[PDB]
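What follows is the content of input.txt (compact mmCIF, C-alpha atoms).
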```txt
# COMPACT_ATOMS: atom_id res chain seq x y z
CA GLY S 2 -17.81 3.90 7.04
CA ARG S 3 -16.89 4.34 10.68
CA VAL S 4 -13.05 4.16 10.38
CA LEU S 5 -12.99 7.17 7.98
CA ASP S 6 -15.30 9.11 10.37
CA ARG S 7 -12.84 8.41 13.21
CA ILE S 8 -9.96 9.65 11.01
CA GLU S 9 -11.95 12.82 10.18
CA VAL S 10 -12.33 13.49 13.91
CA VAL S 11 -8.55 13.35 14.48
CA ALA S 12 -7.67 15.01 11.14
CA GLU S 13 -6.05 18.02 12.78
CA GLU S 14 -4.04 15.76 15.13
CA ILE S 15 -2.82 13.71 12.15
CA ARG S 16 -1.74 16.85 10.25
CA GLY S 17 -0.21 17.92 13.58
CA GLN S 18 2.29 15.00 13.66
CA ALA S 19 3.34 15.13 9.99
CA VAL S 20 6.34 17.53 10.14
CA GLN S 21 7.83 15.64 13.10
CA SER S 22 7.47 12.18 11.50
CA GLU S 23 9.21 13.58 8.46
CA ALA S 24 12.05 15.10 10.49
CA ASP S 25 12.44 11.74 12.33
CA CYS S 26 12.09 9.63 9.15
CA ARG S 27 9.71 7.51 11.20
CA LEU S 28 6.08 7.94 12.27
CA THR S 29 6.03 9.53 15.72
CA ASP S 30 4.42 7.36 18.43
CA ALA S 31 1.49 9.80 18.44
CA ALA S 32 1.11 9.42 14.62
CA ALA S 33 1.18 5.60 14.83
CA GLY S 34 -1.22 5.83 17.81
CA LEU S 35 -3.74 7.85 15.80
CA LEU S 36 -3.81 5.15 13.11
CA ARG S 37 -3.84 2.23 15.54
CA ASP S 38 -6.70 3.68 17.62
CA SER S 39 -8.78 4.61 14.55
CA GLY S 40 -8.97 0.94 13.57
CA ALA S 41 -7.47 1.68 10.12
CA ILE S 42 -5.17 -1.38 10.10
CA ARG S 43 -8.11 -3.64 11.09
CA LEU S 44 -10.05 -2.68 7.92
CA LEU S 45 -9.29 -5.96 6.15
CA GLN S 46 -8.70 -8.04 9.31
CA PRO S 47 -10.93 -11.10 10.16
CA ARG S 48 -13.84 -10.37 12.56
CA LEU S 49 -12.55 -13.25 14.68
CA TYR S 50 -9.60 -11.00 15.46
CA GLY S 51 -11.36 -7.64 15.92
CA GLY S 52 -11.31 -6.73 12.22
CA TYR S 53 -14.00 -5.15 10.03
CA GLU S 54 -13.74 -7.15 6.78
CA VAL S 55 -14.73 -4.02 4.81
CA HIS S 56 -15.53 -4.02 1.07
CA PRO S 57 -12.34 -3.21 -0.96
CA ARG S 58 -13.92 0.15 -1.97
CA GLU S 59 -14.10 1.21 1.67
CA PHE S 60 -10.49 0.17 2.27
CA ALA S 61 -9.33 2.13 -0.81
CA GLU S 62 -11.29 5.27 0.12
CA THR S 63 -10.09 5.20 3.72
CA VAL S 64 -6.41 4.95 2.63
CA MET S 65 -6.97 7.84 0.19
CA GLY S 66 -8.54 9.80 3.03
CA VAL S 67 -5.62 9.19 5.42
CA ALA S 68 -3.08 9.81 2.59
CA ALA S 69 -4.61 13.25 1.88
CA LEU S 70 -3.96 14.24 5.51
CA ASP S 71 -0.35 12.95 5.81
CA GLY S 72 1.21 10.92 3.03
CA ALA S 73 3.37 8.80 5.34
CA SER S 74 0.38 7.74 7.46
CA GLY S 75 -1.60 7.08 4.29
CA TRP S 76 1.18 4.96 2.83
CA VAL S 77 1.64 2.95 6.04
CA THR S 78 -2.15 2.29 6.19
CA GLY S 79 -2.17 0.99 2.63
CA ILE S 80 0.83 -1.35 3.19
CA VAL S 81 0.57 -2.49 6.81
CA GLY S 82 -3.24 -2.57 6.22
CA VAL S 83 -2.99 -5.22 3.53
CA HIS S 84 -1.05 -7.73 5.67
CA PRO S 85 -4.16 -8.78 7.73
CA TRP S 86 -5.87 -9.55 4.44
CA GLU S 87 -3.25 -12.14 3.44
CA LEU S 88 -2.84 -13.53 6.99
CA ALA S 89 -6.59 -14.22 6.90
CA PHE S 90 -5.75 -17.20 4.73
CA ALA S 91 -2.50 -18.11 6.51
CA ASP S 92 -2.47 -21.06 8.97
CA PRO S 93 -4.88 -20.48 11.85
CA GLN S 94 -1.96 -20.98 14.25
CA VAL S 95 0.02 -17.94 13.06
CA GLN S 96 -3.10 -15.73 13.08
CA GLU S 97 -3.50 -16.69 16.75
CA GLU S 98 0.20 -16.00 17.45
CA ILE S 99 -0.05 -12.51 15.88
CA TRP S 100 -3.52 -11.37 16.96
CA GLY S 101 -4.35 -13.79 19.83
CA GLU S 102 -3.36 -11.47 22.66
CA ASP S 103 -3.55 -8.13 20.84
CA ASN S 104 -5.68 -7.54 17.71
CA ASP S 105 -3.70 -4.33 17.16
CA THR S 106 -0.39 -6.12 16.47
CA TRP S 107 1.04 -4.96 13.12
CA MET S 108 3.05 -6.77 10.47
CA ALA S 109 5.78 -5.10 8.35
CA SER S 110 6.71 -5.89 4.74
CA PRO S 111 8.27 -6.27 2.03
CA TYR S 112 7.07 -9.16 -0.09
CA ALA S 113 10.11 -8.71 -2.39
CA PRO S 114 11.83 -12.13 -2.42
CA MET S 115 15.12 -10.73 -1.09
CA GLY S 116 15.90 -13.66 1.20
CA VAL S 117 16.93 -17.31 1.07
CA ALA S 118 14.90 -19.99 2.90
CA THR S 119 16.81 -23.27 3.45
CA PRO S 120 14.41 -26.20 3.95
CA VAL S 121 15.10 -28.05 7.18
CA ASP S 122 12.98 -30.56 9.10
CA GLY S 123 9.91 -28.64 10.41
CA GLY S 124 10.27 -25.58 8.13
CA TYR S 125 13.04 -23.32 6.84
CA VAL S 126 16.03 -21.30 7.93
CA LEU S 127 16.01 -17.74 6.61
CA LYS S 128 18.81 -15.36 5.67
CA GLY S 129 18.70 -12.07 3.76
CA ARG S 130 18.51 -8.28 3.58
CA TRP S 131 15.24 -6.58 2.54
CA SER S 132 14.60 -2.87 1.94
CA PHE S 133 11.50 -0.61 2.03
CA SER S 134 10.00 -2.10 5.23
CA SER S 135 7.31 0.60 5.69
CA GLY S 136 6.21 1.45 9.26
CA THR S 137 8.63 -1.21 10.57
CA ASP S 138 9.46 0.47 13.92
CA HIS S 139 5.77 0.07 14.81
CA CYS S 140 5.44 -3.57 13.78
CA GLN S 141 6.07 -6.69 15.90
CA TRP S 142 6.12 -9.21 13.03
CA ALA S 143 7.28 -9.14 9.40
CA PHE S 144 5.81 -10.73 6.31
CA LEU S 145 8.74 -11.28 3.90
CA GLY S 146 9.40 -12.83 0.50
CA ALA S 147 12.08 -15.47 0.06
CA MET S 148 13.38 -17.85 -2.57
CA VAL S 149 13.79 -21.50 -1.54
CA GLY S 150 17.25 -23.04 -1.75
CA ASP S 151 18.25 -26.71 -2.16
CA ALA S 157 9.90 -31.56 -2.70
CA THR S 158 9.14 -27.88 -1.79
CA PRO S 159 7.79 -24.46 -3.07
CA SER S 160 10.07 -22.28 -5.25
CA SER S 161 9.15 -18.97 -3.47
CA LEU S 162 7.58 -18.16 -0.09
CA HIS S 163 5.93 -15.58 2.03
CA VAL S 164 7.27 -16.09 5.59
CA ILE S 165 6.24 -14.65 8.97
CA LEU S 166 8.87 -13.72 11.62
CA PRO S 167 8.57 -12.14 15.05
CA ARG S 168 10.64 -8.93 15.56
CA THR S 169 12.83 -10.90 17.93
CA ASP S 170 14.10 -12.84 14.89
CA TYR S 171 15.32 -9.90 12.75
CA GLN S 172 17.21 -6.64 12.83
CA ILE S 173 15.99 -3.20 11.71
CA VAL S 174 18.96 -1.41 10.08
CA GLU S 175 19.20 2.26 11.19
CA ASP S 176 20.04 5.08 8.72
CA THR S 177 18.79 3.13 5.70
CA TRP S 178 15.84 5.44 4.90
CA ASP S 179 17.39 8.79 3.93
CA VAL S 180 15.18 9.42 0.86
CA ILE S 181 13.51 12.26 -1.09
CA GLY S 182 9.88 11.41 -0.11
CA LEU S 183 7.69 9.29 2.19
CA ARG S 184 10.47 10.01 4.71
CA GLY S 185 8.00 9.63 7.55
CA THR S 186 7.17 6.02 6.61
CA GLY S 187 10.51 4.92 8.11
CA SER S 188 10.83 2.22 5.46
CA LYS S 189 14.16 0.86 6.79
CA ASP S 190 16.12 -2.24 5.75
CA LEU S 191 15.70 -5.49 7.69
CA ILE S 192 18.42 -8.16 8.09
CA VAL S 193 18.04 -11.84 9.01
CA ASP S 194 21.24 -13.85 9.77
CA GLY S 195 19.61 -17.31 10.13
CA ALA S 196 16.16 -17.47 11.70
CA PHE S 197 14.22 -20.71 11.86
CA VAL S 198 10.72 -20.34 10.37
CA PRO S 199 8.21 -23.20 11.03
CA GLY S 200 6.15 -24.56 8.07
CA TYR S 201 2.88 -23.17 9.50
CA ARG S 202 4.35 -19.61 9.33
CA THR S 203 4.82 -19.78 5.57
CA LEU S 204 2.73 -19.64 2.41
CA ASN S 205 3.79 -20.68 -1.04
CA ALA S 206 4.04 -17.34 -2.98
CA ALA S 207 2.87 -18.80 -6.31
CA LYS S 208 -0.24 -20.24 -4.61
CA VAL S 209 -0.91 -16.83 -3.02
CA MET S 210 -0.70 -15.16 -6.47
CA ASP S 211 -2.78 -17.68 -8.42
CA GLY S 212 -5.58 -18.32 -5.95
CA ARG S 213 -4.54 -21.82 -4.74
CA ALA S 214 -3.75 -20.65 -1.17
CA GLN S 215 -7.20 -19.10 -0.89
CA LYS S 216 -8.84 -22.31 -2.25
CA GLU S 217 -6.90 -24.41 0.27
CA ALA S 218 -8.15 -22.15 3.07
CA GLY S 219 -11.73 -22.19 1.69
CA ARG S 220 -13.03 -19.11 3.55
CA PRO S 221 -16.66 -18.07 2.88
CA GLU S 222 -16.09 -14.28 2.85
CA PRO S 223 -15.87 -12.77 -0.67
CA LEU S 224 -13.32 -10.23 0.62
CA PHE S 225 -10.81 -13.00 1.37
CA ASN S 226 -11.27 -14.55 -2.01
CA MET S 227 -10.22 -11.42 -3.95
CA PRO S 228 -7.18 -11.68 -6.28
CA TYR S 229 -3.84 -10.90 -4.55
CA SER S 230 -2.80 -8.83 -7.60
CA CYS S 231 -5.78 -6.60 -6.98
CA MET S 232 -5.65 -6.32 -3.18
CA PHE S 233 -1.90 -5.94 -2.58
CA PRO S 234 -1.34 -3.05 -5.04
CA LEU S 235 -4.74 -1.47 -4.07
CA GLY S 236 -3.56 0.03 -0.81
CA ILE S 237 -0.32 1.26 -2.36
CA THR S 238 -1.91 2.98 -5.42
CA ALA S 239 -4.76 4.31 -3.24
CA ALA S 240 -2.09 5.93 -1.01
CA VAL S 241 -0.45 7.52 -4.07
CA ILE S 242 -3.85 8.79 -5.29
CA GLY S 243 -4.79 10.31 -1.92
CA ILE S 244 -1.35 11.88 -1.64
CA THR S 245 -1.93 13.71 -4.94
CA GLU S 246 -5.36 14.74 -3.67
CA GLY S 247 -3.60 16.20 -0.60
CA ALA S 248 -1.19 18.10 -2.93
CA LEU S 249 -4.14 19.43 -4.95
CA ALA S 250 -5.94 20.50 -1.74
CA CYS S 251 -2.76 22.28 -0.58
CA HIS S 252 -2.35 23.93 -3.98
CA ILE S 253 -5.98 25.21 -3.99
CA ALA S 254 -5.65 26.59 -0.42
CA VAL S 255 -2.54 28.56 -1.40
CA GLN S 256 -3.82 29.71 -4.83
CA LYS S 257 -6.98 31.24 -3.37
CA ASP S 258 -4.99 34.03 -1.66
CA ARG S 259 -1.95 34.12 -3.96
CA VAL S 260 -0.88 37.30 -5.77
CA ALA S 261 1.80 36.58 -8.33
CA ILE S 262 5.25 38.10 -9.10
CA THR S 263 3.63 40.39 -11.77
CA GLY S 264 0.62 41.88 -9.76
CA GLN S 265 -1.94 39.28 -10.94
CA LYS S 266 -4.36 37.57 -8.47
CA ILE S 267 -4.18 33.80 -9.16
CA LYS S 268 -7.96 33.44 -8.54
CA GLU S 269 -8.31 35.61 -11.69
CA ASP S 270 -5.63 33.77 -13.73
CA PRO S 271 -7.27 31.71 -16.55
CA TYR S 272 -4.04 29.81 -17.45
CA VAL S 273 -3.40 28.61 -13.90
CA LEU S 274 -7.06 27.98 -13.08
CA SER S 275 -7.77 25.91 -16.20
CA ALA S 276 -4.61 23.86 -15.50
CA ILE S 277 -5.92 23.15 -11.97
CA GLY S 278 -9.17 21.83 -13.52
CA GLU S 279 -7.21 19.63 -15.92
CA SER S 280 -5.13 18.10 -13.11
CA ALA S 281 -8.15 17.61 -10.82
CA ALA S 282 -9.89 15.74 -13.67
CA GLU S 283 -6.92 13.34 -14.10
CA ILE S 284 -6.59 12.66 -10.37
CA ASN S 285 -10.35 11.91 -10.18
CA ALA S 286 -10.04 9.58 -13.19
CA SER S 287 -7.41 7.61 -11.20
CA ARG S 288 -9.48 7.36 -8.01
CA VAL S 289 -12.60 6.08 -9.86
CA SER S 290 -10.69 3.73 -12.16
CA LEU S 291 -8.77 1.98 -9.38
CA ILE S 292 -11.88 1.51 -7.26
CA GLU S 293 -14.06 0.31 -10.21
CA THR S 294 -11.79 -2.72 -10.74
CA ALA S 295 -12.23 -3.78 -7.07
CA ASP S 296 -16.07 -3.22 -7.15
CA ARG S 297 -16.39 -5.46 -10.17
CA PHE S 298 -13.99 -8.14 -8.92
CA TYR S 299 -15.88 -8.19 -5.62
CA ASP S 300 -19.20 -8.63 -7.53
CA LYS S 301 -17.85 -11.61 -9.46
CA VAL S 302 -16.44 -13.18 -6.26
CA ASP S 303 -19.74 -12.57 -4.36
CA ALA S 304 -21.55 -14.25 -7.32
CA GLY S 305 -19.16 -17.22 -7.31
CA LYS S 306 -17.91 -16.30 -10.79
CA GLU S 307 -14.23 -16.92 -11.59
CA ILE S 308 -11.93 -13.92 -12.21
CA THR S 309 -9.82 -14.70 -15.31
CA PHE S 310 -6.09 -14.09 -15.93
CA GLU S 311 -7.02 -11.47 -18.62
CA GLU S 312 -9.30 -9.73 -16.13
CA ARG S 313 -6.53 -9.72 -13.55
CA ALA S 314 -3.99 -8.41 -16.11
CA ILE S 315 -6.32 -5.60 -17.19
CA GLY S 316 -6.97 -4.73 -13.58
CA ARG S 317 -3.21 -4.44 -12.91
CA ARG S 318 -2.88 -2.29 -16.02
CA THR S 319 -5.61 0.08 -14.75
CA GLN S 320 -4.06 0.25 -11.32
CA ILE S 321 -0.56 1.03 -12.62
CA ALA S 322 -2.00 3.70 -15.04
CA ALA S 323 -3.94 5.21 -12.13
CA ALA S 324 -0.71 5.87 -10.13
CA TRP S 325 1.06 7.40 -13.13
CA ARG S 326 -1.90 9.62 -14.17
CA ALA S 327 -2.25 11.05 -10.66
CA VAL S 328 1.47 11.73 -10.22
CA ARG S 329 1.77 13.46 -13.61
CA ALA S 330 -1.25 15.65 -12.67
CA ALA S 331 0.37 16.60 -9.38
CA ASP S 332 3.54 17.56 -11.35
CA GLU S 333 1.52 19.91 -13.59
CA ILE S 334 0.14 21.89 -10.63
CA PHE S 335 3.42 21.89 -8.68
CA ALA S 336 5.09 23.51 -11.70
CA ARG S 337 2.52 26.37 -11.48
CA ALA S 338 2.74 26.83 -7.72
CA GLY S 339 5.76 29.18 -7.91
CA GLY S 340 8.94 29.66 -5.83
CA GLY S 341 7.20 29.94 -2.45
CA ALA S 342 5.98 26.33 -2.88
CA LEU S 343 9.66 25.18 -2.90
CA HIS S 344 9.98 25.88 0.85
CA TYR S 345 9.82 22.99 3.37
CA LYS S 346 7.67 25.14 5.70
CA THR S 347 4.83 24.76 3.13
CA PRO S 348 3.01 21.36 3.03
CA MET S 349 2.34 20.96 -0.73
CA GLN S 350 5.98 20.07 -1.56
CA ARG S 351 5.87 17.19 0.97
CA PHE S 352 2.83 15.64 -0.76
CA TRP S 353 4.49 16.22 -4.10
CA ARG S 354 7.76 14.39 -3.06
CA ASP S 355 5.71 11.64 -1.32
CA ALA S 356 3.83 10.94 -4.57
CA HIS S 357 7.13 10.50 -6.45
CA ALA S 358 8.55 8.25 -3.73
CA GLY S 359 5.35 6.15 -3.94
CA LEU S 360 5.59 5.91 -7.76
CA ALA S 361 9.01 4.18 -7.45
CA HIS S 362 7.39 1.07 -5.88
CA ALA S 363 7.61 -2.17 -7.87
CA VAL S 364 3.82 -2.33 -8.24
CA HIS S 365 4.03 0.79 -10.41
CA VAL S 366 6.48 -0.53 -13.05
CA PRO S 367 4.30 -0.27 -16.20
CA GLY S 368 5.99 -1.84 -19.25
CA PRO S 369 5.67 -5.66 -18.80
CA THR S 370 2.05 -5.44 -17.54
CA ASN S 371 0.98 -3.11 -20.37
CA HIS S 372 2.60 -5.52 -22.82
CA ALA S 373 1.14 -8.67 -21.18
CA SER S 374 -2.43 -7.33 -20.79
CA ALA S 375 -2.41 -6.13 -24.41
CA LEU S 376 -1.11 -9.55 -25.50
CA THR S 377 -4.03 -11.34 -23.76
CA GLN S 378 -6.44 -8.99 -25.58
CA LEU S 379 -4.92 -10.07 -28.87
CA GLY S 380 -5.52 -13.70 -27.93
CA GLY S 381 -1.93 -14.46 -26.88
CA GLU S 382 -0.62 -15.98 -23.66
CA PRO S 383 2.01 -14.27 -21.52
CA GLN S 384 4.75 -16.74 -20.61
CA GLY S 385 7.01 -17.10 -17.61
CA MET S 386 8.08 -13.78 -16.06
CA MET S 387 5.53 -11.90 -18.16
CA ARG S 388 2.87 -13.54 -15.93
CA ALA S 389 4.37 -12.15 -12.70
CA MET S 390 2.18 -10.04 -10.37
CA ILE S 391 -1.11 -10.96 -12.19
```
Just give me the structure of the file as structure tokens.
Amino acid sequence: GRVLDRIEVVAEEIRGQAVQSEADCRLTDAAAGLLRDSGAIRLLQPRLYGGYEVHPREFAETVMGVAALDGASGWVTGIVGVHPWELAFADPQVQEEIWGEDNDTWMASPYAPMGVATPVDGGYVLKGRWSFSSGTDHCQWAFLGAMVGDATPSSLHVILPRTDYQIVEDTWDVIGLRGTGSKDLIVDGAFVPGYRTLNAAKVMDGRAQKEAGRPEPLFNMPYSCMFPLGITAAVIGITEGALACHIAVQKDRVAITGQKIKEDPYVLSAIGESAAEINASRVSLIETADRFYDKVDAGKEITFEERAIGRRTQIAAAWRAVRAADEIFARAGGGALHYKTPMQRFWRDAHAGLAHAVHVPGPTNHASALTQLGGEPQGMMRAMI
């Protein structure tokens, strides 16, 4: 696809901004510019608003490609890049507000329901504090989760202009993905009109998409597939970056003892093992999306069990890839501990990415297995499927 070709062209420029975005804990303007100009955030955007409506496979592969160059950029592409997908089935009025003048206007996250929306006439009033708002300095709107206080939805996704919230400085001093600048946001009491909200349960279960009735199969994909897809793709591509870094170093490396690493059977076979695991994650994650897309294109319904199994695969894919990156980092030696070498940055980024809520494994493994035994997950055990 064309976006990935444009990324390949500026690959050296992207790698060129990485150290500085990390030092700043925020993508440099040049780093954000490289992504904005490449069209990466428009991957899943409606064509009406300059977007490409790519197949999920293309989105996933592009994120992985960006992530292998600079983990922070890759991560921001996979998160900020998913927001146009959901907005596609938000009220036409908010899509016009966000993209009407400038198609390249970005939305920040998180969807975590960290806020409280008080229903008032015409909409809601919002108060809360959210964390992990990736790429937020470069966004002009936020898409946030909220619970509804005291005939309305129980939970919402709400859209706010940057004018209506505060980015909290010094709230992203973390071990990895430093360059994402995933700062806290605070809202003291912002009015949010009804047309700038979606009911979160309807987003999850397909009812918001049915109400919008779009013809494009892309926009009828399950939320539980699409939202975690960018995030786990970023983790996968980060580990592919680490592997690439490791290989580049190992080719010339002569070890503490006198031994050339390119002649070391223990280290070389362990590289093969890790590369096999990381590939298994890439293919697995993408296969779910291919198949879901095929069913949606065919007008066939994606079942709860199918969704649950897809989440299971996606979670397992993140974990497999991170563990594989750990195995090669442990064999990279003491020189790989230094900040002046890139591998360690990919390695820490992968671990930061693994801490995201979409990677918690236990409940989903349990719930998907329960559906396979003929049982029905109840209540909270149905969340994020």
Nearest to residue 283 of chain S by atom-to-atom distance, counting all atoms listed in the file, from S:6, S:246, S:270, S:98: S:246
S:94, S:135, S:74, S:186 ranked by distance to residue 165 of chain S, top pick (using only C-alpha atoms):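 Among the listed residues, the smallest separation from residue 165 of chain S belongs to S:94.
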Would you write out, as JSON lines, a table of all residues in segment 310-369 of chain S that have an atom no more than 12 Å from an atom of segment 7-19 of chain S, listing for each the closest atom pair and the distance in Å to one decimal, considering all atoms listed in the file and ordering rows by chain and rising residue number?
```
{"residue": "S:346", "atom": "CA", "partner": "S:19", "partner_atom": "CA", "distance": 11.7}
{"residue": "S:347", "atom": "CA", "partner": "S:19", "partner_atom": "CA", "distance": 11.9}
{"residue": "S:348", "atom": "CA", "partner": "S:19", "partner_atom": "CA", "distance": 9.3}
{"residue": "S:351", "atom": "CA", "partner": "S:19", "partner_atom": "CA", "distance": 9.6}
{"residue": "S:352", "atom": "CA", "partner": "S:19", "partner_atom": "CA", "distance": 10.8}
```
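Restricting the calculation to only C-alpha atoms, the smallest distance between residue 273 of chain S and any of S:337, S:297, S:259, S:48 is found for S:337.
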Distance of atom CA of residue 100 of chain S from atom CA of residue 170 of chain S, expressed in Å to one decimal place: 17.8 Å
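Across the structure, atom CA of residue 65 of chain S and atom CA of residue 239 of chain S are spaced 5.4 Å apart.
In this structure, atom CA of residue 330 of chain S sits 8.0 Å away from atom CA of residue 245 of chain S.
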Nearest residue to residue 64 of chain S from the set S:278, S:129, S:34, S:82 (distances using all atoms listed in the file):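 Nearest to residue 64 of chain S: S:82.
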Counting all atoms listed in the file, the residue of S:136, S:367, S:52, S:219 that sits nearest residue 184 of chain S: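 The answer is S:136, which sits nearest to residue 184 of chain S.
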Residue nearest residue 255 of chain S - candidates S:119, S:349, S:368, S:319, atoms counted: only C-alpha atoms: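 Checking each candidate against residue 255 of chain S, we get S:349 as the closest.
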Test item: residues at most 10 Å from residue 175 of chain S, all atoms listed in the file, excluding those fewer than 5 positions along its chain, as a count of residues only: 4
Polymer residues at most 12 Å from (-12.3, 5.3, 2.2) by only C-alpha atoms, as an MDAnalysis selection string: chainID S and resid 2:9 41 44 55:69 75 78:79 235:236 239:240 242:243 288 292
